[PDB]
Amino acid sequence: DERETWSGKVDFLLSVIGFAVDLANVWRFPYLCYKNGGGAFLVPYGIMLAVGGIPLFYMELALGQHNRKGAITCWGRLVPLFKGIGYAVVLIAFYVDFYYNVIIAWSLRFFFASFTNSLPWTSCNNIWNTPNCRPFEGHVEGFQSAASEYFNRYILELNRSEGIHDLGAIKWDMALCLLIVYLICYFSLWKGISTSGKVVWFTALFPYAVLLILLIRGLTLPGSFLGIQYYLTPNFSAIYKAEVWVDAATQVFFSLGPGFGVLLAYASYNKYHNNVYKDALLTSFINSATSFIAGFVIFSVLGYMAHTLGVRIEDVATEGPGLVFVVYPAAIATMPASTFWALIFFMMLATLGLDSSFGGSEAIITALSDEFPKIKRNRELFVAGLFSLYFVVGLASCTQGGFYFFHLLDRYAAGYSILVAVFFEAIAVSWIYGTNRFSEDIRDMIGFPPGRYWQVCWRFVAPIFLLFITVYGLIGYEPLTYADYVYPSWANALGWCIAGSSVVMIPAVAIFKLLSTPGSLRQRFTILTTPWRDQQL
């Protein structure tokens, strides 16, 4: 204080909704519903949302609004022994920027690709095609669809790479798209939230315009009801299995943003007596509701593919990049006015990703802006240096073998790491700092204590929720592979480095902080577990 504040509350809400709603709302939630008993999946999903996701989501938002600092300073002021959590969270967000932007660039690349009266990925008689190409998805690996070969052999040129050891030529048309993304991010974030919170009005709202248009074209298609059937038809037999609850737990956790320091930074610009609890609920709800909607958008079209284009539903119903960059564009191309559906689809994909990259970077800038007045004074300079380091290292993912690089980070950069970070975040808040202090902090802000429900969830449910995900994510571990390629053991260990490079800050910094403090070790856990709020009276 003085600390800059949101130019208006809608800016905050859209920044948060924009961060939380991204591509996985489209390319994973509907797939999980289809795979796990249809609308029955909503039960495990809703329970995980209620006892795990939203409480963690609420917590970080309240915590950021109360302590009014970014992730490093905040965790340091709250429990100095764990200042490292702020460092861990910061460079997890740092790694994620190295690859996640590439998805946006692919979106722009397909967008620039659809300025035409006849979409390229339609047919199997192009220079990049293979003797084995089919018009649509099949179930035999050696025979790709026309859209799959376009993505793979034309956009990516992934066929020309023999692995992560063979990144090949830089692909400048991609680097151009990667640069445009970073320019859009720079001129969105250099001036701070005064413009960043205005930009999100587009990037957070645009997808809903397109979701509506596609939802109508989708549901008017022949076979669209058949798709909705595959999407939502209940089968509670799935609920019996542990793997389904783990799928719900993990989806809930990664879909909401909790513990990345992003919600922390955004809430840190809230007015102190803002009703952060009302904001956390409205915001959670919109995230999940968007996934629900998008599922109709996807499977109406997926149903139209099965009914009309003559393809097994199981072959087109898929997750991840393949759904949005291959299967959906395939369906679009068969439709009248296809060029229009393609241009707004790929635009939606990019705006879906942009709000999210915004939040990741802001978690970083705000964290560093608060630790270091040097960079806070020079924001417009600092981000330019940061996005420059992004663009340069990111050129690796614009190479012909670039997917192999993307896929490596996508697995190791944030996955296992953030779960342990958030696990200590929960443990720090509820048990070191105390739910008592926290509840009291929340009342001083919003006028009432959190219910015993939110308290039980933070203290008990949350940590074993995160524990539940982390353990099944270990027991299910296998060495990294993509399609027929298997990554070399050194590549595997290198990702373990990226994974532990951040997690290690937690015990590292705890060890280093102990060795600058005067007293005996009973005396020293106390000096490092006493909150900054209390030392200053």
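Residues carry their position along the shown sequence, with the first being 1.
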252-260 versus 373-381 - which carries the larger mean C-alpha B factor in the record:
373-381
When the C-alpha temperature factors are averaged for each of 150-158 and 234-242, which stretch ends up with the higher value in the entry?
234-242
Reading the B-factor column of the entry, which of 131, 394, 321, 295 has the highest value at its C-alpha atom?
394
For the listed residues 345, 325, 412, 136, which one has the largest C-alpha B-factor as given in the deposited model?
412
Quick check on the deposited entry: does the C-alpha B-factor of residue 426 sit in the lowest, middle or highest third of its chain?
middle
Lowest, middle or highest third: where is residue 62 by Cα B-factor in its chain?
lowest
Please place residue 103 in the lowest, middle or highest third of its chain according to the CA B-factor in the PDB entry.
lowest
Sorting by Cα B-factor within the chain, modelled residues only, which third would residue 19 end up in: lowest, middle or highest?
lowest
Assert third(CA B-factor, residue 76) within chain per record equals highest
